[PDB]
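Protein chains in written order, with the deposited numbering: chain a, 1 to 70; chain K, 1 to 98; chain b, 1 to 83; chain A, 1 to 115; chain J, 1 to 172; chain 9, 1 to 72; chain H, 1 to 318; chain 6, 35 to 189. Ideal placement from N, C-alpha and C gives every residue a C-beta, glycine not left out. I have placed the structure first, in the form of structure tokens, so that the comments after it can refer back to it.
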Amino acid sequence: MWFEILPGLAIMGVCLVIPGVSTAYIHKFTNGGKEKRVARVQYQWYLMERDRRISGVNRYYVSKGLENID
Amino acid sequence: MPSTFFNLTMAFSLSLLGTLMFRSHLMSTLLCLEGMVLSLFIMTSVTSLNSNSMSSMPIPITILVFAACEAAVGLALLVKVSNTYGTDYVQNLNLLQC
Amino acid sequence: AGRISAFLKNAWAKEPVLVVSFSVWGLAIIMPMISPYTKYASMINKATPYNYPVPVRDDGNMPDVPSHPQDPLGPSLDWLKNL
Amino acid sequence: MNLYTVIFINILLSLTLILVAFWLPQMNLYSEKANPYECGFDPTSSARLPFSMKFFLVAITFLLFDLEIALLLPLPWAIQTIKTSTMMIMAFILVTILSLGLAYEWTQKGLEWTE
Amino acid sequence: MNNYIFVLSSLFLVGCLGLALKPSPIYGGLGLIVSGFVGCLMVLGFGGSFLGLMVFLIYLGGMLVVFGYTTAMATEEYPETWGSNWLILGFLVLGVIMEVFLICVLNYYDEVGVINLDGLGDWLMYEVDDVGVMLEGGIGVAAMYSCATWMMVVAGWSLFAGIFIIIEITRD
Amino acid sequence: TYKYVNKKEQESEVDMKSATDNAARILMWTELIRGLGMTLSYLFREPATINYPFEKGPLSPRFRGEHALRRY
Amino acid sequence: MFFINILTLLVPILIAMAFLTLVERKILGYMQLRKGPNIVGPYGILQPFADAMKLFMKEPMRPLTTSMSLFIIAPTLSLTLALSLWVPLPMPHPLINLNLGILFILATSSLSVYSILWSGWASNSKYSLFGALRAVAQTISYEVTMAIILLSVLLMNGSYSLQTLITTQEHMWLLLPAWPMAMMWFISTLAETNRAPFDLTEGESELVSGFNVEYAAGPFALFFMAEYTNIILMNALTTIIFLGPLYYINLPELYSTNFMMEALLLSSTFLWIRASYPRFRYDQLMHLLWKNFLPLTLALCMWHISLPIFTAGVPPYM
Amino acid sequence: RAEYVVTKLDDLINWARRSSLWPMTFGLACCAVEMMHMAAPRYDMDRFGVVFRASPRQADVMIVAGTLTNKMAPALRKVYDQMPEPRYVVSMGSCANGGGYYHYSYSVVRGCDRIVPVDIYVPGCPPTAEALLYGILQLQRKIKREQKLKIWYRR
Ligand SMILES: COC1=C(OC)C(=O)C(C/C=C(\C)CC/C=C(\C)CC/C=C(\C)CC/C=C(/C)CC/C=C(/C)CC/C=C(\C)CC/C=C(\C)CC/C=C(\C)CC/C=C(/C)CCC=C(C)C)=C(C)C1=O
Ligand SMILES: CCCCCCCCCCCCCCCCCC(=O)OC[C@H](COP(=O)([O-])OCC[N+](C)(C)C)OC(=O)CCCCCCCCCCCCCCCCC
Ligand SMILES: CCCCCCCCCCCCCCCCCC(=O)OC[C@H](COP(=O)(O)OCCN)OC(=O)CCCCCCCCCCCCCCCCC
Ligand code: SF4
């Protein structure tokens, strides 16, 4: 009957869920538990570059807090 | 930037040579005209971006608008030429010499 | 007018796209001229701080400008806060 | 660099697919197979003759309207301006004259596919 | 990754050379589409993306209408691509050799400094405001709506008058 | 006898409510939505397809098939 | 890790479009009082794979009267543009985050039109020429309409990005503020994808196969993949722009699920339209767009210029 | 063993070609009326994976369904030749089989096998749509029996 289309619909459903979820998880894994930190403007890019210089491991996502100040 | 600007100036020169040297096709001449237009657009955009002349950034849009107007007029004239003869040949339109 | 009403009703029955387009064109012309919120858009875009506010020297002859951001002087944004 | 790599990966994927399509199967090429189709008969013309399209005025109008589109597209940054009254008036005038040109062409039967 | 803009400019030069060499207008429109995409990439590399995307979209529409017209009237039984005459190919490779020769000459003659092989990719972007919001291309094109209303109105009148012009030319 | 298939008897004049109904029919694509509903009902019906080599199509004793020579 | 991200974007999209072919055949069958394929797979799920293997094991059959360079370039161009168009979509985080995402979408769609045109002209046949000219007319009409629609909708939005569309539709959809733009955008996506009612480029009845009439198997499969990928993409773009899925900062999985459900619904809507309606004439499509949608969308573009000014609801730059 | 791997690969390609059979939108007469009755919802060829394509470039099998006239025969031969290489022919009905009712006509090719190589003959006038579906499945079995890779390997 009409529910015979549901296997193909479910395969399309999982194949459309997979890319966005995988992109979010890969962004988290690459950025260390945080999001991508998109930089639309030069100020945001400067913040990213400053964070990369501050961290010392040349990774902008390694956040440095109050433990650096005595 | 100076190497790229030299390349863009040479591209304009090549498109000008294409415009001046006809090969039997008014459409190809119009194509060379729009190649000159594209070269000028890229030159103006690169110059404004390099000099940070955001006040002069409307200039490429203006030249694009007027260039598309002239391309429109050229296509209309090519339509009239094709209706007159049926071949669109610059050597075929020659009867004004006398 | 009878002829105008009959023409508009016939146009609304037969070509109800040009009627909608002209009505929307007229509404988009008229509505900024009668709305009480028209000045607020310009004031919001003015109050949006895309640049650093460059401080001025203290010659002691201007009492209008503040001396600190936590002062009653200056262009407060309570209109936008309560808008 | 990332977008460049994705573009090159998609291009290489399409090239790999068409290379597989061309080197995988068995080829048997002869003249009647590779002749142009023409619904089971030999074509009378060469399929390169003039075609004489009927919507040429609509195409030129499309060029002009595409450049009007290019003019209208910086509006999302234009509405962030500090004046907004001259901006609103200018946008109204631009859309109005574009609509007036379309209306004049419609009245003069420009978009009617003259045969 | 330094000479990326130079590679793009060379590709633009090659595309304009093909357009000058004048194939059948199908391939002329192809060469202009490639040159438009390359110039878009050059503008994007030099700065704001709005101008490059604008010229790309505009030339896509333009070459589409051009393709329709060269199918309609500017066509022939055997539209020459580039190999109908060996002179066209020989002249293309001659222009390529001349381009290489001239850039080598200008690299050897490094007194003026227009093209330098060692200094290529060093002077692409001169000075940029590192910290700052609303400094990209497209803000000025928006400022055409508020600061250059004369530019806006002459462009709009050009398009309006152009509609009237094309109707009167193709009135027949 | 005969009948008309597209001729209309007189006219329904011009009215604001009828004009609004025609305007909504044109703008809201009502007959298109109706056709969508019809094929949606067909989607939710049961198909007439038989499983071919296991369920054969019905026939009749008069059916003309393959020839044969008979015996007493 | 980025190449793994590219794989997890590209491979699910290709499997999704193959099963879109399966879902299209089954939905059309069940609306035609028959079934879809149910023999090749357990429930027909192996039918697209069998079709793909047959098409890639038939010969490509290069013709005599054919510009071979463009004849080969065009289908690969179409497929790579479909995937490149799939690149910048956020669900809710894009693979490639672009400031001018919608402009990128428009440029890539126009280049796909060029792929169709070059295929039609290169396959030197009269039916291919007919299909190419019909593609020219169709893209003229929907290009001008689509540009105006996106201008007005993104004027209601802020920048030309798509994460900004997510944050705009965080509280409410854009369908309720601009539903006429949504209707005209749905029709324009049909015209962009060359789908029924107004396909007119692969017109099986007016022409034989349009621009694919000389393309044998292989590159024909490439054209089909590009077309169906563009179908899923236009429906995905419609649900990102107008039917905004629920977004929460803590978990994006419900955003991805909501996006999936609405994209599936709009793809099934495309198949529904194909089952329901007959074909336009390609001059009637141009007349319909340029005489109904273009004046209405010009007026609505003016209305959406005026609306944030008189309501003071101008969106932020970021 | 290379024989086993080659046999399984050949079975895979035969399965693909038999599960995706695309006949051409090409008929001639009452037999083609029964052919679209085989396309009808009852004996769903699309359920079998059999779907018409208009162009011969996208076709796999020509179902010669009708009377092959002398005036028609160059068109049928040209259309068959324009197919890509793995192509099959199902003659359908008495006309396409051996001329049938018009066998002694001055204008009828006595069987379409005089023009194109016929893979499967389907008898009837008209054969029922069930009978044409039987011929289609018999063609599927026939191309299931093919051993191209194994013949190549022992070649
Ligand atoms: C009275 O007078 C007469 C007539 O007048 C009325 C006649 O007419 C006439 C002629 C009569 C005939 C010819 C009869 C023929 C019958 C008909 C005309 C009617 C039957 C109906 C139709 C033709 C309409 C069919 C309608 C449909 C809705 C069916 C759908 C059809 C489609 C073509 C669309 C769906 C698509 C497909 C079937 C194929 C889709 C699949 C692919 C292309 C596969 C591509 C996918 C990939 C490449 C994916 C690969 C990628 C991957 C990642 C996969 C991974 C793979 C792995 C192996 C891992 C005669 C003689 C006549 O006397
Ligand atoms: C993405 C979200 C979902 C979208 C909808 C998807 C589901 C529905 C799909 C339906 C089937 C679509 C398949 C293709 C159909 C193609 C035909 C078609 O649609 O033609 C267009 C038809 C054309 O109709 P036509 O062509 O028959 O018109 C006749 C015209 N002549 C005689 C000149 C030929 O309709 C339109 O153009 C209407 C467009 C939408 C209009 C919306 C107006 C909304 C109201 C505005 C404001 C009103 C108040 C005014 C101010 C008041 C102030 C107080
Ligand atoms: C079969 C042949 C096919 C040939 C045609 C290929 C078409 C490709 C797909 C369509 C492309 C249309 C034009 C798109 C241009 C890029 C759009 C864009 O906005 O790029 C800018 C973007 C970064 O800009 P923005 O978003 O502002 O980010 C700043 C802070 N985030 O990103 C960037 O700055 C990245 C810049 C590079 C992006 C494009 C890379 C293209 C690489 C070349 C491809 C073709 C090579 C030649 C053929 C190969 C052999 C077949
Ligand atoms: S065999 Fe019989 S049914 Fe078939 S085409 Fe001939 S006369 Fe018609």
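Run of the alpha helix (DSSP H) containing residue i, from where it starts to where it stops
i, result
"residue 39 (chain 6)", "36-53"
"residue 12 (chain H)", "2-31"
"residue 105 (chain A)", "85-107"
"residue 59 (chain 9)", "Residue 59 (chain 9) -> no alpha helix (DSSP H), and no H or E assigned at all."
"residue 329 (chain H)", "Residue 329 (chain H) is absent from the model: chain H starts at 1 and stops at 318."
"residue 255 (chain H)", "253-276"
Distance CB(residue i)-CB(residue j) smaller than 8 Å
i, j, result
"residue 167 (chain 6)", "residue 79 (chain 6)", "yes"
"residue 239 (chain H)", "residue 259 (chain H)", "yes"
"residue 35 (chain b)", "residue 310 (chain H)", "yes"
"residue 45 (chain b)", "residue 80 (chain A)", "yes"
"residue 22 (chain a)", "residue 5 (chain H)", "yes"
"residue 75 (chain H)", "residue 222 (chain H)", "yes"
"residue 14 (chain 9)", "residue 6 (chain b)", "yes"
"residue 27 (chain A)", "residue 143 (chain H)", "no"
"residue 75 (chain J)", "residue 36 (chain A)", "no"
"residue 143 (chain 6)", "residue 99 (chain 6)", "no"
"residue 157 (chain H)", "residue 49 (chain J)", "no"
"residue 162 (chain J)", "residue 34 (chain K)", "no"
"residue 83 (chain 6)", "residue 18 (chain H)", "no"
"residue 4 (chain K)", "residue 5 (chain J)", "yes"
"residue 148 (chain H)", "residue 135 (chain H)", "no"
Same chain, Cβ closer than 6 Å to residue i, five either side skipped, listed in chain order
i, result
"residue 38 (chain J)", "8, 11, 12"
"residue 94 (chain 6)", "55, 56"
"residue 163 (chain H)", "90"
"residue 58 (chain A)", "111"
Close-in-space but distant-in-sequence residues of the same chain around residue i (CB under 8 Å, 5 per side omitted)
i, result
"residue 121 (chain H)", "67, 70, 128, 129, 132"
"residue 128 (chain b)", "Given that chain b is displayed from residue 1 to residue 83, the structure contains no residue 128 (chain b) and the question cannot be resolved."
"residue 88 (chain H)", "94, 95, 96, 97, 98, 101, 104, 105, 162"
"residue 180 (chain 6)", "44, 48"
Span of the beta strand (DSSP E), counted from its first residue to its last, around residue i
i, result
"residue 154 (chain 6)", "154-156"
Within chain K, partners of residue i - CB distance below 7 Å
i, result
"residue 59 (chain J)", "38"
Residues near residue i by beta carbon distance below 7 Å, same chain, minus five either side
i, result
"residue 40 (chain b)", "83"
"residue 132 (chain 6)", "144, 145"
"residue 149 (chain 6)", "102, 107, 110, 111, 143"
"residue 49 (chain 6)", "none"
"residue 164 (chain 6)", "77"
Closer than 9 Å at the beta carbon, the chain J residues around residue i
i, result
"residue 27 (chain A)", "Near residue 27 (chain A) there are no residues of chain J at all, since even the closest Cβ is about 25 Å away, more than 9 Å."
"residue 41 (chain a)", "132, 133, 134, 135, 136"
Residue i: contacting residues in chain 9 (beta-carbon distance under 7 Å)
i, result
"residue 1 (chain a)", "46"
Proximal residues of chain H, C-beta to C-beta of residue i below 9 Å
i, result
"residue 17 (chain b)", "291, 292, 293, 295, 296"
Per-residue contacts from residue i into chain 6 (C-beta, under 9 Å)
i, result
"residue 23 (chain H)", "Residues of chain 6 passing the Cβ test: none, with the nearest at roughly 14 Å."
Closer than 8 Å at the beta carbon, the chain A residues around residue i
i, result
"residue 319 (chain H)", "As shown, chain H starts at 1 and ends at 318. That puts residue 319 (chain H) outside it, with no answer to give."
Residue i: contacting residues in chain K (beta-carbon distance under 8 Å)
i, result
"residue 36 (chain J)", "38"
"residue 71 (chain A)", "61, 65"
Neighbour list for residue i in chain H, Cβ cutoff strictly below 8 Å
i, result
"residue 44 (chain 6)", "Near residue 44 (chain 6) there are no residues of chain H at all, since even the closest Cβ is about 12 Å away, more than 8 Å."
Can you give, in chain order, each stretch of the beta strand (DSSP E) that sits fully within the region 67-102 of chain J and has at least 3 residues? The qualifying runs do not exist here; there are none.
Can you list the beta strand (DSSP E) stretches of 3 or more residues lying completely in the region 97-150 of chain 6, in chain order? Correct list: 122-126.
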